[PDB]
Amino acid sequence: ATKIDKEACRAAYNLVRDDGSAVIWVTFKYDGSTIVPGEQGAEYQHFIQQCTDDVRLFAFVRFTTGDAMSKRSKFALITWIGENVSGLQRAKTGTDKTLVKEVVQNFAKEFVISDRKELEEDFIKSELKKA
């Protein structure tokens, strides 16, 4: 029965899509059976800190990539599912990212991550470049 607060989540998505907003990441979390916005940040290290081994969340992140001609923003969807989350809830989260993408429609790449090392900016950015 997962639901999403589309108006509230859209505002968070739109915030990161605004190149001028100074907000480079937003999270979405479960409030019971509804996915709602969580946190916002300007500093990527503060995103990593939200991703504990005990929680599941979705994140939409603006990365600045390239240089000169190749400079551009690339957006990522990250579904973080900490290693202590049960298999049943891990599967439900990965099903539910389809619903999240009714709001988070446009992205360069999406990720499903349970190893904290893969949240590092340098990793995500190397995956975006390969990609």
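Each residue number is its position in the shown sequence, starting from 1.
As the entry records it, the average C-alpha temperature factor is higher for 70 to 78, out of 98 to 106 and 70 to 78. Comparing 36 to 44 with 61 to 69, the stretch with the higher mean C-alpha B-factor in the PDB entry is 61 to 69.
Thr27: CA B factor lies in the lowest third for its chain, per the PDB record.
In this PDB entry, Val85 carries a Cα temperature factor that places it within the highest third of its chain's modelled residues.
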